[PDB]
Amino acid sequence: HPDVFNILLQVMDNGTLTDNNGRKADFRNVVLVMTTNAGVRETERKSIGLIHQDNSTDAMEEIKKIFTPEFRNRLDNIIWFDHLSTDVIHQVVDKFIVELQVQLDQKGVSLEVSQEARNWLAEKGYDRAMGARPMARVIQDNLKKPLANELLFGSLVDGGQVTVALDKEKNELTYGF
Amino acid sequence: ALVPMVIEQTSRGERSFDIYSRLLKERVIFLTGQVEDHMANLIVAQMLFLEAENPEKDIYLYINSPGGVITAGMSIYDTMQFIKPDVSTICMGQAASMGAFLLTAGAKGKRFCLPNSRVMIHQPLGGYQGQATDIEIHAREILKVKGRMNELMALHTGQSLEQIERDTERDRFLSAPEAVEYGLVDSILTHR
Amino acid sequence: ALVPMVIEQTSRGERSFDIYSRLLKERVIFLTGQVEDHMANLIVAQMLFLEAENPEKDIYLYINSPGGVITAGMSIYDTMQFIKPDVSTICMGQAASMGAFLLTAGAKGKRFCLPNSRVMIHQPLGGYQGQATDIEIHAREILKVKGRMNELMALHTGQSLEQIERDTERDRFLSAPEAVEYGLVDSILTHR
Amino acid sequence: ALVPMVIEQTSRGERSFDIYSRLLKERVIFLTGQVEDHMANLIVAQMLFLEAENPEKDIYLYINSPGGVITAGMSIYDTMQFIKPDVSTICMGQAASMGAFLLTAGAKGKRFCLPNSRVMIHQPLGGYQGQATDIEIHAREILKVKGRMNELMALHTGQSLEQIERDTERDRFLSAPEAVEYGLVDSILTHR
Amino acid sequence: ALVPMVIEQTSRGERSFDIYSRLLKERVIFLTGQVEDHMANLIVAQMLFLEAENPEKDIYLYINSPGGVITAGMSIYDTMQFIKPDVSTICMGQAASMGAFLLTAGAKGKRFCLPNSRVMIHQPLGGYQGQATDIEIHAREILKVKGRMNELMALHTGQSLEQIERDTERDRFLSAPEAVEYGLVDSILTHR
Amino acid sequence: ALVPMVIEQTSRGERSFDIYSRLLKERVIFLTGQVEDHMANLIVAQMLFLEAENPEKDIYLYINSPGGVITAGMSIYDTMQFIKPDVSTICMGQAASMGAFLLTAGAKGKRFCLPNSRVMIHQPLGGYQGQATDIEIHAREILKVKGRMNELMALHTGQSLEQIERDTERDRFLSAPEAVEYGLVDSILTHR
Amino acid sequence: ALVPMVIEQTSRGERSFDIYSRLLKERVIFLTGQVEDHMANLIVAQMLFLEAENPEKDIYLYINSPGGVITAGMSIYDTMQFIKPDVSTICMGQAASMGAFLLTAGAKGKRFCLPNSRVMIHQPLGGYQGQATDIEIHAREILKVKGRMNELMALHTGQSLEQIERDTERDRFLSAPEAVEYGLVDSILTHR
Amino acid sequence: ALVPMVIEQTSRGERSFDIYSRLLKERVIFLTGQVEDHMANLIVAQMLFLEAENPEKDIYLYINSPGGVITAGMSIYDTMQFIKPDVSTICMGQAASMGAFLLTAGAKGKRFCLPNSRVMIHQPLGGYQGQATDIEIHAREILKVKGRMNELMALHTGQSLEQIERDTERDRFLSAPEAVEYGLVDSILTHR
Amino acid sequence: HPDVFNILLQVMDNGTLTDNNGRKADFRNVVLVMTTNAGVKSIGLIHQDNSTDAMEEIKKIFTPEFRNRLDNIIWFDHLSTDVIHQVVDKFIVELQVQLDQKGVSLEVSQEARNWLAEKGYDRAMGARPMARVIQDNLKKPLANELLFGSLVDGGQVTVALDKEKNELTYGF
C-alpha cells in the first residue's frame, strides 16, 4: 500500500524507527535494499511506428508516479537493472548446471555436459523478456526428466557417469552410464 | 450515417464500432478507389497499428483499386516490406497498375485473388511541361521509376526482368487463372 | 439527420441504431443506385460481417439498381459465392444489367422479385480511346468479360449459352412473371 | 441542426430523437420531393421496420410529392401491398403522377386527402436515344409500363380501364372533392 | 456550430438543446425563408408533435417569409386547421403572399404582428410551357388555385370575396396598422 | 472543429460548451456578417431565451456587420424593443446601415462603441424589374421603408428628422467620437 | 477527424479535447489565414474568455496571417487593448499588413518573432465603384483609415509618423532582425 | 467515418481514439499533401503538445508532401528547431522542395527515408504582378528567401553553399541512396 | 434511482426487506404512499402552462410491470377559488384559536380573506406559499403589538384590507 512508504521515509531519513512500545530501532548499520518491477511495462512496450523509442524516460515517469518526490529524495540511488545478454545467458546456464551437478553429487551421481550441449540449451531457453528464469525450466525439462527417471527406475541408481552430448541431425541429448 | 454501426460483446458488451473499424479490429484492411496521399497514409497508419498489436498475426489487405499515384503505392509497399507480420493481399473486384503491384507485393504464398477478379498492369504514366532541361530531368526520373517498378515486379513474380519489360509495354489484362500462372498471385479463393 | 434513428431493447434497452444498421442487425442488406467501388466494398464488408456472425443463417440482399461498373458487381458476386451462408436476393423497384446479374446470382431457390419489379439485361458496355493496339487489347478484354458474364448467367439461370447470347444482344426488359419463367428468379413475393 | 431534436419520457426519460425519428416511432412516414432510388429505399426500410414492430397497427404515409421515377414508386407500391398492416396514405400539399398513384394505393377505406390538397395524374414520361431497334424496344417497354399503371389505377379507384386511359392522356388536376368523387381517396380530413 | 446550444435544468439538469429545439420545447415554431416542400414538412412534423404533446395549449408560429410554393403553404394551412390546439401566428420581419396567408390563417383572435413588420399579398404566380391543350389545363388549374386562395382569405379576414379579388390583383403592401384594419391580424404586439 | 470548446465547473464540472454557447450563457450575443433571415432569426431566438432566463439582467449584442436586408434588421429591432430587459449594443469592428441602426437601437444610455470602430449610415437600397405599375408599387413601398427608418433613427438619436434625412442621403462614415457626438452611441469603451 | 483529439488528466482524467481547445486551455490562441469577420470574432471570444479566466496571466496570440480586412483586425486590436491581461503576440511563419499590425500591437516588451519569420507592412487597400460623390466619400474614409493605422503603428513601434508614412508607401518586407531593429517586435525567440 | 476508430486499454480501457489521435499519443505526426497555413499550424500545435508531454522523448514526423508554401514550411522548421526534444523526420512516399527541406531539417543522426522514397529539391517559386517598383521589391524579397533556404540546406546537409546553389537551380530528384550520399538523410530504413 | 425502484418493487411484491444484519423488515402492516408531481416561464410570447401526465413519467421506471404492484392510483387536482378560500379559513381559525388562547380576538374582513387566498395560493405551487403569506401578513404586526405590550389581554385586532395599500389594516 502506498501509505506504507512513509515508514520508509522516516527510516531512510533518520535511520531510526519507533515501534508500538516507544522503543526505537536503529537502522544505521542496516543496508536497505528494495526490489521492484515497476516501470517495466513501458520499457518493454512497443511503440507504434517505424522507429522504437527508449522508454526509460517512461520508466522514470512511472517510478516518480509511484514514489513521492521526497521518497525518491531519500534514496541513495535507483539502480536500473538491464536485460540479460546471450553470453550472460551462457554463464547463467553454466551456473545452473553447476547447481544441478551439486544436487546430483548429493545423490552420488557425477554428471558431464558437453559445451555444444550448453550452447544448445542457451539457444533453446533464451528469452529476453523473462531474463534468467526460463533457463531454469529449460534445464529442468531437458536434464532432470531423464535424470529423474534414471534415478528412480533406471540406470543411475547408486551410480553416475551420465554423459550428455548434442547431435546435429536431431539436436538431441545423450545419456546413460 | 452512410457507414453502418455494429455491436460487439467482449468485456462490457455493446461495443459500437463502424463496420470498417470493426473489421480493422480483425486485422483486415481495405484499399479502394485511386491510391492517393491521404488514403495511402491512412493505410500505412492502420498497418503500423496492426503491427504494434500483434507482430506475429497476418494482415489482410483487400485490394480493389483502379490505380493511383506511384509514390503513395511505393509508400504502402515499403510499409508492407518493413513490418514484421506477413501481409496477405486479396484482390477482389479489380486491381490496376498500382493496385496490381500492391497485390503482388504480398507475403509470398499468401497473394490471393477471387475467381472473377481482374488484374491489369502497365508502365507508369506521367508527364511534364516546361523547359527542355526540366523535361529531360523529369523524363530520366520517370524512367528510373519505371525501371524500379519492373525490378520489383520481376522480384515478386519470379519472371525475368525482360519478360516484365516486354509485358508491361502496354495495358495487359489478366484473369484470375492467368494471374496465378503469371505469378502475381499464389492461388484463387473459391469457397469456405 | 436524413436517416432516422430507432430504439431497440435487448440487454440494456434503448439501443439507438440508424435504420440501416438496425436492419443489418437482421441480416438484410440494401443495394441501391449505381454499383461503384466504394458502395460495393461496403456491401462486401457487410456480407463478411454477417457471415462471421452466423455462417448458417441466410443473408438477404434487397436489390434496386440501374446498373454500375462490371468489376464492382463481380466483386459482390464473388463474395456471395465464397461465403458459406446462402444469399437471398430480392429485386424490388428494378434491377438493370449489373443489378439483374447480382439478383440472379442468389442462392438457388431463394431468388425472389416483387410483382411490379422490372428486370433488364444487356451486354456490358465500355470503350476506349487511343492507339490501335491498345484499342484491340481493350476490345479483346471486354469481349472476354462479356463471354464470362454470359457463361455465369447461363449457369445461374439454366438457359443455354447461345440463348443468353442471343437474348442480351440488346436491352431486354422482363416483368416479374417473365423473369420467373426465364429463370432469373425462383418465385414472386405476393403477401405475408 | 436544421432538423430539431425533441425529448420523450418513456422508460428512463430524456430520449432525444430528431423530429422525423420521433414521428416514425408513431408509425407515420413522410414522402416528400421527387421519388428517387435512395429516398424510396429509405421509405421501404421504414415500412419494413414498422411492419416488424407491430404487423397489426396501421402505417401512415404522408405524401407530398411532385412525382418521380416510376420504378421507385413501383418499389414503394409493392412494399405497401406486400406488408400485412394497412397503409393509410394522406395527401397533403400536392401529389403528382407517382405521388398520386402511391396515394390511391393506400388501404381501401383509408386513403385521405386534405381540403386544399391538389392531385394530378398523367401517363408516364420517358424517352430514349439510339438505334431504331433499341428505340422500338424502349417504346414497347414504356407502353407496357403505362398499361400496367393504368390497370393498377383502375383496380385501386374502381374506374374502368378505358376511363383511366382516356383521363390520363393529358395532365388532369383534381381538387380534394374531385378526388373523392373520382375514387382516388376515400374521404377528406377536415378537423379533429 | 452555427446554431448555439443551451442548457436547461428540469429533471437531471444540463439538458443540452440547440436553440431551435429549446424553443420548440416551449411550443414555438419558426417559419423563415421561402416555403418549400422539406421546410413545410418539417413545420408540419413539429405541429403534429406539439399537438400530441398537449392538444390544449396554443402553438406559436413565428412567420418571416418572402413567400414560397403555394402547395407547401396549403399543406401547412391544412395542418393548422386540422389540429385541435390553436395556432397563434406572429408576423415579424415580413410576410409575403404565402407567408401573409399563413399568418392570417392563425386562430381567430390570436393573429399578431410587430409594429414595424410588413405584409404583402398578391395573386399566386406560376406558368407552363408546352402544347396549347396542356397550357389551357394548367391555366384553369392555377385559376382554380387563385379562386380557392381568395375564398380562404375572404373567410379568414372577413372581407368580401370581391374585395380580396380587387385588392390582390397587384402586389399590395400593408403596414402593421393597415394589416390590423384590413383584418389580416388581430392586434399589434408592443411591449411586455 | 473550427469553433473551440471550453470547460466550465458549476454543479458537476467539466461542462463542455462551444465558445459561442459559453458566452451566450453570459447573456452576450454576437451579430456578424450580413444580416439575413436565418442569422437574424437565430439572434431573435437567443434574445427570447435570454429574456426567459432573467428578464431583469441586461443583454449585450456585440455588433460587427457590413449591413444586410432591412427586414431581418427590423425583426431584430422589434425583438429588442419588445423584450423587457435592456439590450446593450456594442459596436466593434464596424457597423454599416443595418448594423448601425441596430447599434443605435440599444437601450438608452447603454449604446457603446470601441475607440477605433467605424459607423456608416445611408438610405436603404433596393430595386425592382417589371411593369410600370409594379415598379411604382415597389418604389412607394421602399420610400415608406426609408421614411420609417429615418423616423426611428431620429427617435433613437434625438436628431431632427430633417437632419437624418439630409445626412443619410449618401454614405456617411462616423468615427467613435463622431458617433458619440451624433448621438448614435452613448460613450466609448476605453479600458477595464 | 482532421483535428486530432488529446487526453488530459486533471480531476477525473481522460479529458478529451481537440488540440486547439487543449491549447486554448493554456491561454494560447492561433490566428491563421486571412483576417475576416467570423475568425476575428472567434479570436475576440477566446480573448474575452481567457480574460474572464485569469485577468493577470498573459495571453499568447500566435500570428501567421497573409492579411485580411482592416475592420476585423481593428476589432481584434481593440479587444487586445481593452482587456486587462497582457497579450504576447508571436509571429511565426509570416505576418502581412493586418497580421503585422496585430503582431506589433502586443504588450510592450512581449512582441516576439521567430528567426525565419517574415514581416510585411503596407498601406491599406480597398476601392469603390459608383458615382463621383460616393467615390469621394469612400476615398476620404479610406484615407482616414490609413492615417489612423499609421498613427497606431507609430505609437506601437516608437517610430515617427512621417517614418511610417514613407515606409508603408509600398510593400516593405522585414526579416526577424530587421523587425527587431524597426521596433515591430521586442526580441527573437531562439531556443528553450 | 472515413477515419477509423481504435480501442486502447490503459486505465479504464476501451479508450476510443481516431487512428491519427491514437498515433499522436505515440509521439508520431503525419505531414501529407501540400504545406499550407492551417495544416502547418496543426503540425505546430501537435509538436508543442508533444514537447509539453515529454521534452526528452523524440518526435517522429512522417513526411509525404509534394511541397507547399515556403512560409508554412518555415513555421514548421522554426518550431522543430525551437523545441527541446529531437524531431526524427521519416520521408515515405516522396518529399518535394518544402517537404524535402523539412525532412533534412530533422535531428542530426535521425533523418531517415524509405528505400523507394523519392526526394526532390529546387529553388522556391513565386511571382507578382503590378508596378515596376513593387515587382522589384517582391523580387528582392524572394531572392532573400532563396538565399536563406540555401543557407539552411547547406547547414543541415553539410554541403557547400555554392554546391546547394548549383544543385537546386533546377528540379533535382534523388533516390534513397542518393539522398543518403547527398546528406539529406542519415540512413535508409530497411526492416525491423 | 432505478435501484430504489427495484427495492420498492421487492417490497410491493413480498413486503419483506432484509436488514444487512440479518433482520427482517416486515412491511405487512405498512401502508406505502408515494407522491409524484410530473408538472412544470414559457419562453416566447405567452405565459400558458397547465398539463398532467404522470403515468408516462413513472411508467418510465414504474413500468407496467412495476405499475402492476400499485394498489390504487390516487389523483389530485388543482385547488378552486372556493377551496383556497376554505383553506384560508382553516389557517385563519387556527391562528384564531392560537390567539384566543391568550385573550385576543381576531377578525379578518372577507375581502381580506379573498386577498390572502389570492396572494398565498399559486397554481404551479399549490397551497405551499400560503403558510408563509398567512404567517407574514397576520402574525407580524400582531407579534409587534403583543411583545411591545400595547396589545395585551382584553385587546383585539380587526383585519381589513387597505383597498389602495393592500396592507391588512388593523386596530386595538
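Read from first to last, the chains carry the letters A, B, C, D, E, F, G, H and I; within each, the first residue is number 1.
Here, a contact is a pair of C-beta atoms (placed from the backbone, for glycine too) under 8 Å apart; a residue touches a chain by one contact, two chains touch by 3 or more.
These two copies of the sequence, subunit E and subunit H, are related by a rotation of 155 degrees on CA atoms, to the nearest 5. When the interfaces E-I and D-I are ranked by C-beta pairs in contact, the top one is E-I. Centroids of subunit G and subunit I (each the mean of its C-alpha atoms) stand 62 Å apart.
Mean C-alpha positions place subunit D and subunit H at a centre distance of 59 Å. Taking the mean of the C-alpha atoms as each chain's centre, subunit D and subunit F sit 47 Å apart. Annotation for subunit I: residues 42-44 touch two or more other chains.
The residues of subunit E that reach two or more other chains are 1, 3, 20, 22-23, 26, 189, listed in rising order. Interface note: chains touch in the pairs A-B, A-H, B-C, B-H, C-D, D-E, D-I, E-F, E-I, F-G, F-I, G-H.
Subunit H makes touch with subunit A in their complex at residues 22-23, 26-28, 54, 56-58, 60, 62, 88, 90, 112, 189.
Taken in their complex, subunit F has these residues touching subunit G: 1-7, 13-14, 19-20, 22-23, 30, 32-33, 62, 64, 92-94, 114-118, 120, 170-173, 175, 189-192. On the side of subunit F, the complex with subunit E involves touching residues 1, 3, 11-12, 15, 17-18, 20-21, 24-25, 37-38, 40-42, 44-46, 48-49, 52, 55, 71-72, 74-75, 77-79, 81-84, 133-134, 137-138, 141, 144-145, 148, 152.
On the side of subunit A, the complex with subunit B involves touching residues 46-50. Residue ranges on subunit I touching subunit E, taken from their complex, read 42-46, 48-51.
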